[PDB]
Amino acid sequence: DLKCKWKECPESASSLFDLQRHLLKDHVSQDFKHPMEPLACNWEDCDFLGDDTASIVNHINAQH
Ligand SMILES: [Zn+2]
Ligand SMILES: [Zn+2]
């Protein structure tokens with residue numbers, strides 16, 4: 001049972017995996033066309049930053 005902690009998000013998850021896939025796919029489509037532009041957490045209070053979307057999903061599940 002994963003709960004999206006996004007302020008602008010009114011949707012919840014059924015499993016820890018659900019938010020990861022929901023946040024990764026829904027909150028970050030990812031253009032995959034960036035030469036050198038690392039990804040950063042998109043939380044209001046969080047200042048987490050990662051090299052790739054996968055690095056975030058790992059952080060989101062642990063920190064979010
Ligand atoms: Zn969400
Ligand atoms: Zn974060």
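Residues numbered from 1 in each chain as written, not as in the entry; some residues may be left out. Chains lettered and ligands numbered in written order. Heavy atoms only, no water.

- Named according to the PDB entry, the protein chain is Zinc-responsive transcriptional regulator ZAP1 originating from Saccharomyces cerevisiae.

### Brief notes about the coordination of the zinc ion (ligand 2)
Okay, so step 1: Around the zinc ion (ligand 2), the protein contributes the donor atoms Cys41 (SG), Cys46 (SG), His59 (NE2) and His64 (NE2), which lie 2.0 to 2.3 Å from the metal centre.
Okay, so step 2: Sequence spacing among the residues donating to the zinc ion (ligand 2) works out to C-x4-C-x12-H-x4-H. Taken together, the residues span a long stretch of sequence, with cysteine 46 in the loop between β1 (39-40) and β2 (49-50) and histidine 59 in helix α2 (residues 53-63) at a distance of 13 residues. Both residues of the pair, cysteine 46 and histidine 59, belong to the buried class. (Donors = N, O, S within 2.8 Å, 3.2 Å for Na, K, Ca; no water. Helix = DSSP H or I, 4+ residues; strand = E, 2+ residues; numbered from the N terminus. Buried < 20%, exposed > 50% of the residue type's maximum accessible area, 1.4 Å probe, protein only.)

### Remarks on the UniProt feature "binding site: Zn(2+)" in the protein chain
Okay, so step 1: The sites that carry the UniProt feature "binding site: Zn(2+)" are, in the present numbering, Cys4, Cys9, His22, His27, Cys41, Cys46, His59 and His64.
Okay, so step 2: Structurally, the position occupied by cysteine 9 is in the segment before α1 (16-26).
Okay, so step 3: Ignoring any residue separated from it by four or fewer positions in sequence, one finds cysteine 9 in contact with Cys4, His22 and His27.
Okay, so step 4: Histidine 22 has contacts with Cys4, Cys9, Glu11 and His27, leaving out every residue within four places of it along the chain. (UniProt positions renumbered as here; feature names shortened; annotations may be inferred. Contact = heavy atoms within 4.5 Å.)

### Focus on the nonpolar core
Okay, so step 1: Within the largest apolar cluster, 16 residues are counted, with the highest numbers of intra-cluster contacts made by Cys4, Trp6, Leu19, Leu23, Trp43 and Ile60.
Okay, so step 2: Elements with a minimum of two residues in this core: α1 and α2.
Okay, so step 3: Beyond its immediate chain neighbours, meaning those up to four positions away, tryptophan 43 contacts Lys5, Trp6, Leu23, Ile60 and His64. (Core = buried A, V, L, I, M, F, W, Y, C linked by side-chain atoms within 4.5 Å.)

### Observations concerning the coordination of the zinc ion (ligand 1)
Put simply, a metal with four donors set out as a tetrahedron has ideal angles of 109.5 degrees, and one with six donors set out as an octahedron has ideal angles of 90 or 180 degrees.
Okay, so step 1: For the zinc ion (ligand 1), the protein coordination sphere consists of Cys4 (SG), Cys9 (SG), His22 (NE2) and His27 (NE2), at 2.0 to 2.3 Å.
Okay, so step 2: If you look at the zinc ion (ligand 1), its four donor atoms make angles of 107 to 111° with each other, and the shape they trace is tetrahedral.
Okay, so step 3: The sequence pattern describing where the donors of the zinc ion (ligand 1) fall on their chain is C-x4-C-x12-H-x4-H. Remark: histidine 22 occurs in helix α1 and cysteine 9 occurs in the segment before α1; sequence separation between them is 13 residues. Each of the two residues, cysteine 9 as well as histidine 22, counts as buried. (Tetrahedral: all angles 85-135°; square planar, octahedral: opposite > 155°, others 65-115°.)

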